[PDB]
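Undergrad: Handing you a structure now.
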Amino acid sequence: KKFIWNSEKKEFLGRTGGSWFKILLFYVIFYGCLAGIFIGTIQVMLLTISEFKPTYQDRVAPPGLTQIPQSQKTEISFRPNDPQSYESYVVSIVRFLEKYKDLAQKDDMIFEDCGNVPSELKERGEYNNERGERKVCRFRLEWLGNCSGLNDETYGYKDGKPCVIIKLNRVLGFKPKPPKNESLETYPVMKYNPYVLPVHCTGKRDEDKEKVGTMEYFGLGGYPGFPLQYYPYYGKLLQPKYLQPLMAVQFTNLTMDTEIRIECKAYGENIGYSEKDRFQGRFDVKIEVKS
Amino acid sequence: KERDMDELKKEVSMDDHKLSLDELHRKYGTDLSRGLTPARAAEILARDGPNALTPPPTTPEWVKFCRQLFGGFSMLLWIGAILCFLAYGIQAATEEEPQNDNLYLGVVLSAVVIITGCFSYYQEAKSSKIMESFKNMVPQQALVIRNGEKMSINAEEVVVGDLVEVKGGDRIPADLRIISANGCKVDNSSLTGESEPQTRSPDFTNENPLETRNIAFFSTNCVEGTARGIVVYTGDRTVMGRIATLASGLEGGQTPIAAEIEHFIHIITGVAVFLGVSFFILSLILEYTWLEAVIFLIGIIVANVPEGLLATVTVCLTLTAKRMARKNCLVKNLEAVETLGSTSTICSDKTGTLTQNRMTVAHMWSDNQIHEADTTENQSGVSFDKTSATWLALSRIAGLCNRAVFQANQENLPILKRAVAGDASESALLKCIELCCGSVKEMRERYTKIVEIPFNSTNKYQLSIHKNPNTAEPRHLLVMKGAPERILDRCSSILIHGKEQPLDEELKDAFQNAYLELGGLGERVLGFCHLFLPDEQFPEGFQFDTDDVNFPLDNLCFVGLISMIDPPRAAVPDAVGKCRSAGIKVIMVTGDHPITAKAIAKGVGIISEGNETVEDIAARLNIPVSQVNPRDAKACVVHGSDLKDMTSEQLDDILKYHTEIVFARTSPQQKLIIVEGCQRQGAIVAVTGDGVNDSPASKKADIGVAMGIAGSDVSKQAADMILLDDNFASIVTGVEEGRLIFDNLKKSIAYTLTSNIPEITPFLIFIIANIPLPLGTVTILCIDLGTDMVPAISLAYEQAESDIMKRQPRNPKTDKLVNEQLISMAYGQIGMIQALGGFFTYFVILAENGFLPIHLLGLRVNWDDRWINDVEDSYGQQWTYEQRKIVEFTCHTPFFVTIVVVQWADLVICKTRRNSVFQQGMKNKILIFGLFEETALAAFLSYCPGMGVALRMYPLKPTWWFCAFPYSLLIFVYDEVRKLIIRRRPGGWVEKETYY
Amino acid sequence: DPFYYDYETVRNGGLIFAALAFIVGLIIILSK
Ligand SMILES: C[C@H]1O[C@@H](O[C@H]2[C@@H](O)C[C@H](O[C@H]3[C@@H](O)C[C@H](O[C@H]4CC[C@@]5(C)[C@H](CC[C@@H]6[C@@H]5C[C@@H](O)[C@]5(C)[C@@H](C7=CC(=O)OC7)CC[C@]65O)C4)O[C@@H]3C)O[C@@H]2C)C[C@H](O)[C@@H]1O
Ligand SMILES: *[C@@H]1O[C@H](CO)[C@@H](O[C@@H]2O[C@H](CO)[C@@H](O)[C@H](O)[C@H]2NC(C)=O)[C@H](O)[C@H]1NC(C)=O
Ligand SMILES: *[C@@H]1O[C@H](CO)[C@@H](O[C@@H]2O[C@H](CO)[C@@H](O)[C@H](O)[C@H]2NC(C)=O)[C@H](O)[C@H]1NC(C)=O
Ligand SMILES: CC(C)CCC[C@@H](C)[C@H]1CC[C@H]2[C@@H]3CC=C4C[C@@H](O)CC[C@]4(C)[C@H]3CC[C@]12C
Ligand SMILES: CC(C)CCC[C@@H](C)[C@H]1CC[C@H]2[C@@H]3CC=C4C[C@@H](O)CC[C@]4(C)[C@H]3CC[C@]12C
Ligand SMILES: CC(C)CCC[C@@H](C)[C@H]1CC[C@H]2[C@@H]3CC=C4C[C@@H](O)CC[C@]4(C)[C@H]3CC[C@]12C
Ligand SMILES: *[C@@H]1O[C@H](CO)[C@@H](O)[C@H](O)[C@H]1NC(C)=O
Ligand SMILES: [Mg+2]
Ligand SMILES: [Mg+2]
Ligand code: NA
C-alpha cells in the first residue's frame, strides 16, 4: 500500500502533476500574503517606536556592575609565572581598553575634555534630534593608576596582585545619584560624596574578608567610583563612540593558592540590588592566584 | 496445538440419538425404568467433572490495568517520554549546568499516560462492575431417577447416562435422549432459535440432532407435559457447551476507531520524523555538532506529539458513552460506542431480538372479516372493533374453553409481561381476553364447567360445556376449539351479527381463502365454535358423563378463526427502516423455519413489499423455479440446509448480487461463517442477538449487541454492547452517536493539531536565525495541558451540521478520521498564521524594550550565556543576565497568551466543518465556558503572585493582549470564507483539498 | 522616574478580570 509513488494514470508521491502544481501555486500565494501581512504589521510596530529612546526602560531599573575579565564563572585562576595561564584575561583587558587610548580619542568634534576633577552631571539638552551629534567626555587610561601603564601593544599587567576594573552598566537617560552625606555605614571612603558614584569591594564572609589583606582603588583624580560628569547616556544613535567611566581595583595582599570571594558593591540611591541577580548593583568575583 | 481444538468446534455437531432403546441401553448400560446405582453416579461425577459449564476465563484486575497503560495513543507518549530521558541523558553527561526542561517534561508525559490509564480503566471496569449485578444465578435442582427411586439433586451432581424426568415448568438439565414422552413441549428458543414451543417425541424424527424430537437440550425449558430421557451429554460437551466454549475462544478483532487512531499516529510520526530529520541534517550543515543536533532532532520529533490529545479523546469517548448509559445501553468497551455509526451491515437475530419471542394472538376472523389485533409489547396500537355479538361470542369461547390461568404473584404485574401456566397458545388467548375483553376471573367462574374434553393425540380438539347465567335463556352452552380442519368437518351453522345461517359454500370458500391468507403469513390459526344445547333434551340435571356421544358434534355454530404468531418488538419496524434509511444493509440471521422468517422479515422491513425471491417469481408464473434468472430476484431466502454445501465464493456472490438476504435454519456455527462472509467484503458488521446461538456471531463481529434481559448469559457476556432495556431503537441511537462522535472527534483533532505549529516554530527559527528563545517549555505545557483542555472537550459537545442519519455510511478506504486535508488545514494554513501571530508579539515586546527585531539575529549565542551581564541592544544599553532573561520569560508569557487568543478563533472555526458560525450558532455552553475559562486561566497564569517564580510567567503590560487580535480575526475571516466557498461551490476544489 | 512600572496596578487588575471571566463562564454553564 506504500508504493503509491506512481502509476500509468499520473500520480507522484501521492497526487498527480497538475494537482501538485495547483497546490504548490496556492501555497505560494497564501504564504506570500501571510509574509506580506506579517511585514506590514511589523512595520506599523516599527512606526510605534522612536530612534532616540526605548519605550520601556523599567526592566533595567537597577544598573549592573561588570568587570573587564569576563571569566567563565567570574573566577580568576592563573599562575604568576606561566604567561599563557593568564593570556585569556590580558587579551580581554587590552581589547576592552583598546578604545580608550589617546589616539582613539583624537577628534575634537566628538570629544570634549571633561576635567581632572569629578564635577556635576552634564545634560546636553533633550533627547530629540533637533541638536546635532552630542559630544562624549574623554577618559584617558591614565586615570586608572597602576592598572594602565604606558606599555606596548600588550598591556603588561599585574601577575602578582592582579587588577580588576569595574564598569557601570550604560543606561539611557540614567542619572546616578550617590548616597547622601548621611552615609549609613558605607566602609571608609573619601569625602567626595557629591560628584562620584561610590563603589566599595569587600569579602563575603569571615574567611574571605580575612584572606583579602589590602585593596587599592583607582579612579578619576583618585576617587573609587564613577564621576557624574559622564552621565546621562543619550543612546548609541546620538552618542556613538561613547566612553563610560571606569574604575580599577587591585588586590595587593592576597593569600596565594587559595580561592577567595570578593563582592564589589556599588552604593547609591538610584542603584538597586537583587537577591536573584548578583550583578544588579553588586558584583562578585572568585580570585585565586595559584603559584 | 489449540488450533485443532477450535476447528473441531466450528464444525456442526454430530450425535448417535438415532438408536433403538435396547441399543442405547447397551451403549450406556443403564436401566431404562430404574436408572443407575448412586455408586456409579458418584463414580462418574468424580470421573469427568460435574454437569456445569467450566467458569469463564477470569481476568485479573492488574492485567486490564496494565492493558489501559498501553495501546496506540499511549505507546506514542511512551516513546516520547523515553526520548525525553534519552535526550536528557545526552544533555546531562555532556554539557555544563544542563537544563531540567527535558526531564521535567518526561515525567509529565509519563504522568499523562498513567492518569489517562487510571481514568479509562476505572471507566471500563465500572461498566463490568454493573454487569456483575445482573448475574442472578439461582442454583436449580434436577429430577433424576436412580436405583428405581426419583430424587431431586443439584444440576451439577448429574452424570452421563442416567434416567431423568421433567415436569412442565422445569428446565432441562443436561442434554438428554428422550425415551418416554407425554405431551412434552420444550422451548429450544435460546438454543437453535426455534420460536414456537417444539414438541419432543421419543422416536427418531430427523437426521439432524437439532431438528429432531428425541433429544432434550441444555438450558432449554419444558413448557408443558412430562418426559423421561437418558443423559447423553454433560458439562461442556453439551450443545450449548460446545457453543459457549467456542465463543469464549474466538477473536475480537480490531475496532474501526482503533484503526483510525493507528493510521492517525502513522501520519503524526510520519511528518514528525520528516521535519526532525530534515532539520537535523540542516543543523549539522549549519554549525552545530552531533551532540547538539541529536538534541534538536529529539526535540523536533517529540514536540510533534499531541500530549493532551490522549485524555481529550478518551473523555471525548466517555462522554458519548454516558448518554448510552442513560438510555439503558451499556458498552463494556470504551471505544465500541463509535462502532455503531461506522456500521454498514447489521446481522440481526429474529427470535428474541427482532421478535418478542412470545406467542401472541395475531388476527381474528369475525363476521367473515379479518381483524388485526394489537401485537405490541407495551400495548400502543390500533384496537379492533370490540362492540358486536360475534365478539361477545368468540371472546367467551376463548375465556371458557381454555386450560390457562394466572399464578400467585401475578396481581400487580402488567397484563402481558405476567407469568401464565399452560399452553403458549392458551396463554396468548388468555392475555388477549384479559386485556381487550375486561377480565377472565369472574367471566370464567360465572359459567360453571360441567364436562371437558382435552386435546386429542389425533384429531386435536378441545371442547367443554358450561351453564348459562344470562337472564334471558336458561339453556346450556357447548364450546369447542381446534385446528381449522377439525371445525370445518363438524359444523353446519354460522354466526353473523347475532343470527345464524347455513354452511353455504358462498361464504365457506370465503372461510377457506381467509384460512390460507393467515396460514401463508407464517401464523398458526385456530377455530372457535359453540352451539346452544336444548334444555328440553338435556335438562338442568342431566350430567352428560364423558363416555359416549352426549353432545351434537355437528351442526355447531362457528364464530371465527383466531390466528397467532410471535410479533416483532415495538419499535423494531421503524428502527429497521431508519437503518436502511442511512444505508445499513440489514440481514436477518436466524435458525428458525423459513415460513416464519420470511413473514417476519416482510413485517419488519428486511424484505421490502414488492420485491420477490427466486421462488416467488416461479410461483407467480407457474414455472419451474430453476428457470428464472437469480438477477431478477433482489431478495433471497437461504435455507441453512443448502448453506452447508456452499463455499466462500458462493456466499460472496449471495451477498454481492442480492440486497435483501434472509438466512434461515442456520446453525450457531453457521452464523459465524455468515458474519465472516459479510466481513470478507470489507464492510463493518454489527450482530444483534439474544440466544446462545448468537454467541460466536456476537463475538466475531466488529460489534455485538445483546439483549439485556431476554437474552442468555453466554452471548450477553461475549458481546460488546448490551441493550439493558431490550429497546431495539437503541441501535438507531447508537449509529447516530457513532457518526456524531466520529465527526466531532475530527474537529477536536484539528484543534489540538493546530496549536502544534506555534508550539514548534519558535524552536525552529531559534536554530535557524539564532534569535533568543521566543517560546519556553513550561508555556507549551500550559497550552497543551492547560488552556486547550476545555476547548477540545467542548468541541465534542457540538451537534449535527446536517442530517447524519441521511448520509451513507463511511467508507473505510476513503473516509479516514485524519485525512491529508486536515493536516493541510491545521499544520498547513491555520497553525501557520498562529505561529506568525506569536512571533509578532515576540518582536513587539523585544523591540519596545530596546532589542529591535533586526538586532535579534545571531544574539542567542551571548543571550543564553549566564555570565555575560553587559549585552548590548539597539539603543546601546547594557543588560545583565536576569534582566534579559526576565524579558525572555515575560516574552514567553505573552506568546502563550497570543496562542490562547488565536485559539479563540480556531475553536470557533473548528466548531463548524462545513456550515457557518452564523448558520450553526454559538449555543455550545461548554464551548462558551471553554473560551472564558481558557482566557481567565491564561490571565491568572500571568498576574498571580509567584508565577514569575514558579513558572517564570511574569505579568504582562496590557498592550501585549492586543498584539494577537488581528491574526485571530484573520484566521476567523479566512476560515469563514472557506466554509462559505464550500457552501456555494460543492464542486470540490475548496472541498476535496481542505474540507476534512 | 521612568525606570519604574506600576506593576501592582496591572497585576491586580488582571486578577480581578481573571476572577470575573471565570465566574461569568460558571454562570453561563448554569442555565437554571
Ligand atoms: C565546548 C565549549 O562549550 C561551550 O558551551 C556550549 C556548548 O556546550 C553547546 C551548548 O548548546 C546548547 C545551548 O545553546 C542550549 C540549547 O537549548 C535549546 C535546545 C535544548 C532545550 C532544553 C532548550 C530549551 C527548550 C527545549 C529544548 C529541548 C527540546 O526537546 C524542547 C523540550 C522541545 C519540546 C519538545 C516537546 O515535546 O515540547 C517542547 C522544544 C524546545 C524545548 O522546549 C533550547 O541547546 C544547545 C545544544 O551551549 C553551551 C553554552 C562553553 C565553552 O565555549 C566550551 O569551550
Ligand atoms: C604603583 O606601583 C608603584 C611600583 O611600580 C608603587 O611605587 C612604590 O610606592 C611605594 C609607596 O607606597 C614606595 O615605597 C616604593 O618605593 C615605590 N616603588 C617604585 C618602584 O616606585 C606605587 O605606590 C603604586 N601606586 C599606587 C597608587 O599604589
Ligand atoms: C600582608 O599579608 C601578610 C600575610 O600574608 C602580613 O604578614 C604576616 O603577619 C603575620 C602577623 O599578623 C605573621 O605571622 C606572618 O608571618 C606575616 N607574613 C608575611 C609574609 O610577612 C602582612 O602584614 C600584610 N601586609 C599588609 C601591608 O597588609
Ligand atoms: C524553517 C523553514 C525553512 C521551513 C519551511 C517549511 C515550509 C516551506 C513547508 C512546511 C510544511 C509544508 C507544507 C505541508 C503541507 C502541504 C500539503 C501537501 O499535501 C503538499 C505540500 C504542502 C503544500 C507543504 C508546502 C511547503 C510547507 C509550508
Ligand atoms: C484590513 C484591516 C482590518 C487590518 C488592519 C490591521 C490592524 C487590525 C493591526 C495592524 C497593526 C496592528 C497594531 C500594531 C502596533 C500595535 C502596538 C503594539 O505594542 C501592540 C499591538 C498594536 C496595538 C497592533 C493592534 C492591531 C493593528 C492596528
Ligand atoms: C474578541 C473579543 C470579543 C473577546 C473579548 C475578550 C477581550 C476583549 C479581553 C480578553 C482578555 C482581556 C485582557 C485581560 C487582561 C488585561 C490586564 C488588565 O490588568 C487590564 C485589561 C487587559 C489588558 C484585558 C483587555 C481586554 C481583553 C483582551
Ligand atoms: C559631609 O559632612 C562632612 C563633615 O561631617 C563635611 O566635611 C563635608 O563637606 C560634607 N559634605 C557635603 C556634600 O555636605
Ligand atoms: Mg434469539
Ligand atoms: Mg502540543
Ligand atoms: Na468483540
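Residues in the C-alpha cells are numbered from 1 in each chain, the chains being A, B, ... in the order shown, and ligands are numbered from 1 in the order shown.
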Find the residues near residue 891 of chain B: any atom within 9 Å, counting only C-alpha atoms, skip ones fewer than 6 places away on the same chain, and give them as a ChimeraX atom specification.
TA: /B:773-775,841-842,845-846,953-954,956
Undergrad: Could the residues in this selection be saved with C-alpha atoms as a CSV table (one decimal), in the first residue's frame?
TA:
```csv
chain,number,residue,atom,x,y,z
B,773,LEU,CA,14.1,31.6,22.6
B,774,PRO,CA,10.6,33.0,21.8
B,775,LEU,CA,8.6,30.3,23.5
B,841,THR,CA,4.1,39.7,19.9
B,842,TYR,CA,7.7,38.4,20.4
B,845,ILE,CA,8.0,43.0,23.4
B,846,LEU,CA,11.7,42.9,22.5
B,953,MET,CA,5.3,33.6,33.7
B,954,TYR,CA,5.9,37.2,34.5
B,956,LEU,CA,2.1,41.4,31.0
```
Undergrad: Residues within 7 Å of ligand 5, counting only C-alpha atoms and all ligand atoms: report them as an MDAnalysis selection string.
TA: (chainID A and resid 41:42 44:45 48) or (chainID B and resid 844 959:960 962:963 965:966)
Undergrad: I need the contact residues of chain A against chain B, so if you could list those with any atom within 7 Å, counting only C-alpha atoms, and return them as a list in words, that would help.
TA: residues 38, 42, 45, 49, 54, 55, 56, 57, 59, 60, 64, 66, 72, 73, 169, 170, 171, 172, 235, 236, 277 and 279 of chain A
Undergrad: Using only C-alpha atoms, select each residue of chain B with any atom at most 8 Å away from an atom of chain C, and give the selection as JSON, numbers by chain.
TA: {"B": [925, 926, 928, 929, 930, 932, 933, 935, 936, 937, 939, 940, 943, 944, 955, 956, 957, 958]}
Undergrad: Can you tell me which residues come within 8 Å of ligand 10 when counting only C-alpha atoms and all ligand atoms, ideally as a ChimeraX atom specification?
TA: /B:251-253,698-704,718-720
